[PDB]
Amino acid sequence: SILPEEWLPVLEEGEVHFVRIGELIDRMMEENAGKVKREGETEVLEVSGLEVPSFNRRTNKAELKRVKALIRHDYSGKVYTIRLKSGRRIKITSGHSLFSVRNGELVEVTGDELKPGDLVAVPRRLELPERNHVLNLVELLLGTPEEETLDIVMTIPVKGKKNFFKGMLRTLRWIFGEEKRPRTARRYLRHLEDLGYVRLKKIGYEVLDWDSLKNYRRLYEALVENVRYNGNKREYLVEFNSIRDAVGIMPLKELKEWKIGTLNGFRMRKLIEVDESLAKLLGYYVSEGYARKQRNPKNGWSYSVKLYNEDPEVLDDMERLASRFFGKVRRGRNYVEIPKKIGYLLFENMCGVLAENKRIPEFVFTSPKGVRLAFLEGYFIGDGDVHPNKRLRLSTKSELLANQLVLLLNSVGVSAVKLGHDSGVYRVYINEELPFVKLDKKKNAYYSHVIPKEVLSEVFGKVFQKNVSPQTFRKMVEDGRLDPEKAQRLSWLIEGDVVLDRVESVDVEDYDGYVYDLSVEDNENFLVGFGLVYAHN
């Protein structure tokens, strides 16, 4: 079993969520009490919709699998904190298993069995789904405290909507039997068909969904009540807050036409398509970005987002990108600032405000590889990690980010990763090339680009000098230097997505409380812990 606190990367309906295994299972079992099957000391909860990364037991390749069920035991006994030389850490119960090596094969080894020096299975790479994501600023702001969207409004050109709200509301009420058939009934009746609520017909019409119509009605009832007129720009106006309990009902087909932001400030489309520019911009923010607000002249708040960076070219890039999204920007001395309120709200709810709350936005993880790399590039360039004298070194006061980074790197091939927590700050060491950073992976080759000498020694019989790289291994085989009959046993290790890290230290403790587990389809293994370590279910 795994301890409550352990990080668990999981996928829900194609989205990657980092959660502490215990919190997940706890909640899931509270909102599904009726479905739990208790067994004195064990509570099982079958689920669907959840997927976790695992490795194929046969081919050892990285693949996502279905999580059959969540499990919760009421444990009392010894727990082990396993610390791998790479900086990865995992807290498990005594009988829980991780994967080690025995005569060139991946075998299960329990916690109370593991000792320093032992080799443990860890990811070399991961395969996460790739799809285009579309940010919905309405759904974003709804999850924001009303205090923050006080001055936010949604405008819409009054042009092709001459009293559209009132005209529609009258049609809805007519359909509901509360008013005489309006004169413009058909204009709107068509729109309701376009939305699939009503199917027009020869004679009159037929309501296809009353519930949906009720909600739509509720929406237009709210709109007709709060929509104002902005004579200046010939546009309709609505304070976000006054319709927070109905706006989410607005079909996307209608949302497109609106704009969201401040009355006398910047306004942008409520539906943003994620591209490499957005990602990179977000990359810059996560690393060198800071969001703030001050009282300003008339006590009342002024929101801005600053992107610090000494390098002149960088500032030109951030400015080029920032402005590509938030119109007019303010290029400073050593920074680029976005004084827009909607810009602050976007960055805040996506990546966080405080350094320790900083995080990679959820959509990035399952975006096409190009977008992931764009995010990374922005993070690195901003964090000033382009020209390495040794190896890339990223710092974060945010534990989540450290983990999210390792997953992102893993998801795009980077396996040479090391972790560290020297003083309140988390470090992520990367010792291998990146499409945007020239560095030598062969220089001080990490555990990931090396085959342990213990494994070779045990398989071939000889006593190997030192560690060997997968390349040298392949070559020795094509030389007769290594017996090809034995060298094949180790193929999984040269072709799979699992590498070996070595146990550095093991802490034994007594634990009284809840412990968790997962049942994973087929592979029966998944990723858990700081840095991600494959654990047997």
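Residues numbered from 1 in each chain as written, not as in the entry; some residues may be left out. Heavy atoms only, no water.

Determination of this PDB entry was carried out by X-ray crystallography to a resolution of 2.70 Å, according to the record.

1. Points about the packing of helix α7 (residues 276-288) against helix α8 (residues 312-326)
Contact geometry for α7 and α8: axes closest at 10 Å, N-to-C directions at 120°. Relative to α8, the element α7 is oriented oblique. With respect to the hand of their crossing, α7 and α8 are arranged in left-handed fashion. Of the residues in α8, those touching α7 at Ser277, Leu278, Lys280, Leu281, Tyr284 and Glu288 are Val314, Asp317, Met318, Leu321, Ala322, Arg324, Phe325 and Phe326. Residue composition of the contact of α7 with α8, by class: nine nonpolar, one polar and four charged. (Axes fitted to C-alpha atoms, helices over the stretch in contact; angles between N-to-C directions. Helix = DSSP H or I, 4+ residues; strand = E, 2+ residues; numbered from the N terminus. Parallel < 35°, antiparallel > 145°, perpendicular 65-115°, else oblique. Left-handed = near helix turned anticlockwise from the far one by under 90°. Contact = heavy atoms within 4.5 Å. Nonpolar A, V, L, I, M, F, W, Y, C, P; charged D, E, K, R; others polar.)

2. Notes on the nonpolar core
One finds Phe380 and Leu518 to be the most contacted residues of the largest nonpolar core, which totals 178 residues. Ignoring anything within four residues of it in the chain, the contact list for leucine 518 reads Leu8, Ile21, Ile25, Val52, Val67, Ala69, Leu70, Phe526 and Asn537. (Core = buried A, V, L, I, M, F, W, Y, C linked by side-chain atoms within 4.5 Å. Buried < 20%, exposed > 50% of the residue type's maximum accessible area, 1.4 Å probe, protein only.)

3. A closer look at the side chain of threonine 110
Structurally, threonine 110 can be placed in strand β9 (residues 106-110). Residue classification places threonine 110 among the buried residues on the basis of a relative accessible area of 19%. At 2.7 Å, the side chain of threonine 110 forms a polar contact with the side chain of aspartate 112. Within the structure, the side chain of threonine 110 is placed 2.9 Å from the side chain of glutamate 113, a separation counted as a polar contact. (Polar contact = N/O pair within 3.5 Å; in protein donor to acceptor, adjacent residues only side chain to side chain.)

4. Some points on unusual backbone geometry
With a phi close to 90°, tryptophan 301 is a non-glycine residue in the positive phi region. For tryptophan 301, the position within the fold is in the loop between β20 (289-294) and β21 (302-307). Overall, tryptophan 301 belongs to the partly exposed group, its relative accessible area being 43%. At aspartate 522, a position not held by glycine, the phi torsion is positive, near 70°. Inspection of the secondary structure assignment puts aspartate 522 in the loop between β27 (498-520) and β28 (525-528).

5. A look at helix α11 (residues 399-411)
Over its 13 residues, α11 runs 19 Å from end to end, which matches the ideal 18 Å to within 8%, given 1.5 Å per residue. Of all 13 residues making up α11, 13 are buried, and the element is well covered by its neighbours. Where α11 terminates, the next one or two residues include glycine 413, which has phi positive at roughly 95°. (Expected span 1.5 Å × (residues − 1).)

6. Here we look at the domain arrangement of the chain
The parts lose accessible area when they come together, and the size of an interface is often stated as this lost area. According to the domain assignment, the chain consists of domain 1 (1-127 + 496-537), domain 2 (128-273), domain 3 (274-442) and domain 4 (443-495). For domain 1 and domain 3, the distance between their C-alpha centres works out to 30 Å. Residue-level contacts link 21 residues of domain 1 with 22 residues of domain 3. For the pair domain 1 and domain 3, the two sides together bury roughly 1800 Å², of which 58% comes from carbon and sulfur. Contact with domain 3 buries surface across domain 1, with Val16, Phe18 and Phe530 losing the most and accounting together for 31% of the total. Taken together, the links from domain 1 to domain 3 amount to two salt bridges. With a closest N to O distance of 4.0 Å, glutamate 399 and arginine 89 form a salt bridge. The interface formed by domain 1 and domain 3 holds seven residue pairs in polar contact in total. Of all the secondary structure elements, the ones that give two or more residues to the side of domain 1 that touches domain 3 are β1 (7-12) and β2 (15-20). The element that contributes the greatest number of residues to the side of domain 1 that touches domain 3 is β2, accounting for five residues. Of the residues that constitute the side of domain 1 that touches domain 3, the class distribution is nine nonpolar, six polar and six charged. (Domains from an automatic or database assignment. Buried area = accessible area lost by both parts, 1.4 Å probe. Salt bridge = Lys/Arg side-chain N within 4 Å of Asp/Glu carboxyl O.)

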